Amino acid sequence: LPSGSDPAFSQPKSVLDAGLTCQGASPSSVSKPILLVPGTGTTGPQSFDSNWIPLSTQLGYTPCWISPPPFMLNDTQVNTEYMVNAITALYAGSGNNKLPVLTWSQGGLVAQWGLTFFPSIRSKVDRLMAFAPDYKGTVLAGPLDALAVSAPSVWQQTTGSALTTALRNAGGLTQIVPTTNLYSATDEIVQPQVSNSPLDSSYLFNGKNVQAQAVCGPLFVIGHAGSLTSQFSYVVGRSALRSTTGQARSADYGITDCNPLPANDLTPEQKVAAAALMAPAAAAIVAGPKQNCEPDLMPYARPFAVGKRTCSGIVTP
């Protein structure tokens, strides 16, 4: 696992700061912040307005989020710079108190990438609550060879990618801070997720790995977005946030919580918006960046994926 000083940011501080917003507060002075990291093809508000923004507010947090441009489609390594910068700012702005990080989709990959390669934030994050994280990427678009022109982060989230290779070899498939991963065997975006074991893309060693169907049975169906928004997901997430251990507790959730519909506490309007969470991604991609190669790894990540192919060529020693 990488140690010592943080790698330098490729983006200017002003650019990174511009990507961070808190509800009714500035990052420099915020009470009980929670950092929300969005999914591929979305901004922070698009990922969370219908769900964790109001839900974390009702639990006593000030929700904050990053919106790396354009819509999380750029290089995941750059998206991570936004998160690392945000944690540094929010830790300082809350009186040097650790804060929780809650994520959806790529957001979890970003969080774990940050924790793997930027040691400074390990003492600033008290827990990670990741919904449908794709630490191994996904196999559903097929192999990297044969991918059509795609967004930078879509390359990186393809199973076999240089990015996912580097994360694994650097020790990033083991939890770094107390982590809960809530995911679904019926995820239509991220696979494989079916085994309820370390094979699953959402699994971290030593983490609290909660495949919904392991608790709820074979008839429980939630998709990629439902993994974030469901009532079951809320109970698990609430457990993780409140836990003195930093992970969700089995005593806090069971079969009686196996409601696949959006969280009960959301307004009817919020439930509808939550159900339609995937919608904005479609427009985002069409107008979004596309290329025929995976972005180069940053120098800090290269020793963990020698021999993998990126835009400049094969990663050399």
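Note that residue numbering follows the sequence shown and begins at 1.
*Asks:* If you average the Cα B factors in the entry, which is higher, 218-226 or 102-110?
*Replies:* Per the deposited B-factors, the answer is 218-226.
*Asks:* Quick check: 188-196 versus 128-136, which has the larger average CA B-factor in the record?
*Replies:* The stretch with the larger mean CA B-factor is 188-196.
*Asks:* If you compare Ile87, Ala166, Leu144, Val154, which has the highest Cα B-factor in the entry?
*Replies:* Reading the PDB entry, the winner on C-alpha B-factor is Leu144.
*Asks:* Lowest, middle or highest third of the chain for the C-alpha temperature factor of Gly254?
*Replies:* Highest third - that is where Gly254 ends up once the chain's C-alpha B-factors are sorted.
*Asks:* Considering every modelled residue of the chain and its Cα B-factor in the PDB entry, is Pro70 in the lowest, middle or highest third?
*Replies:* It falls in the middle third of the chain.
*Asks:* What third of its chain, lowest, middle or highest, does the C-alpha temperature factor of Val272 fall into?
*Replies:* For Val272, the deposited C-alpha B-factor lands in the middle third.
*Asks:* Using only modelled residues of the chain, where does the Cα B factor of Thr245 rank: lowest third, middle third or highest third?
*Replies:* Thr245: CA B-factor falls in the highest third of its chain.
*Asks:* For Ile34, return the chain-relative third of its C-alpha B-factor as stated in the PDB record: lowest, middle or highest.
*Replies:* Within its chain, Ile34 is a lowest-third residue by C-alpha B-factor, going by the deposited values.
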